[PDB]
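Same chain, two versions here, written out as structure tokens and called structure 1 and structure 2.
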Structure 1
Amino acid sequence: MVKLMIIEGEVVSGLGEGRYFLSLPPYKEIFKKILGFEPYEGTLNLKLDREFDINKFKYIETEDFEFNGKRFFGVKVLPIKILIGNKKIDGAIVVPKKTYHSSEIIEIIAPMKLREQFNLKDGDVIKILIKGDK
């Protein structure tokens, strides 16, 4: 019962909001722990063929944090493989509980800035590979 989903998504730019959350040190740490890498401090948004459902997959989920008088909600994280060319890089789909962006926009995280390491630009279509269901 081995499972593969392979989803083309279009590289897109958003409202600048990824980076403040991936810079927040507890997030830096939880992703180091949960994934075995420190994400570059952003999220590569990819625009999808159709709505995405993290709950059909064997996600990790983070505890909420509270500091500076604020409540920081859980995020659901799902290891993936980012497929660019004949290359095959390891990352993760983060799906925050509360995000501004409708649900065919998935946010990707990886140790490197994907736009530089991989010369991506708004419009480019990349593929992501999800092994396993829930």
Structure 2
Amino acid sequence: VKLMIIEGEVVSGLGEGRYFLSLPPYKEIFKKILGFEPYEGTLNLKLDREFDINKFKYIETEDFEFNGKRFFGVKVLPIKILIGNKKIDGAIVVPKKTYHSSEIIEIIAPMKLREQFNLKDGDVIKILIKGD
């Protein structure tokens, strides 16, 4: 059981509220794949080094056709979000296009962690990959 604890600083990204948090196929598939409807948003962390999902066993969702538009699937890597004593299930998400640096990861969880744990930017958490 090869684990991986990684530390990251809560920051804010762009979060147009993004097709893949917002459309039912994505909803339903995260339900399949991760077993939760993720909260419609992402907690972005700044890591101490670059991060590469490909260096892991990621699920890659399929592209969808939704109301005439095509939508690209997303690479998701499941994780445990470690906030103080509590230790939530979540995933690192990587869509097709992303303007941010490789040292930023996005975390999705079943609820908005920001609010549910009153996090501010600058705060640090640990997350737990259990992969490599």
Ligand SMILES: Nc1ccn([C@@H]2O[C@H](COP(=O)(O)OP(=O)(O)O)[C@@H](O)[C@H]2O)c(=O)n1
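Only the largest set of C-alpha atoms that superpose within 1.5 Å between the two forms is called the rigid core. Please note that residue numbering is based on structure 1, beginning with 1 at the start of its sequence.
Structure 2 derives from the form solved without the named molecule, whereas structure 1 comes from the other one.
No residue in 59, 37, 40, 72 other than 72 shows a CA shift of 2 angstroms or more between the two structures after fitting the rigid core. Once both forms are fitted on their rigid core, the CA atom of residue 118 lies less than 2 Å apart between the two structures. In the core-superposed comparison between the two structures, the C-alpha atom of residue 17 has shifted by at least 2 angstroms. On the core-superposed pair, the CA position of residue 26 changes by 2.1 Å between the two structures. The Cα position of residue 86 changes by 1.0 Å between the two structures once both are aligned on the rigid core.
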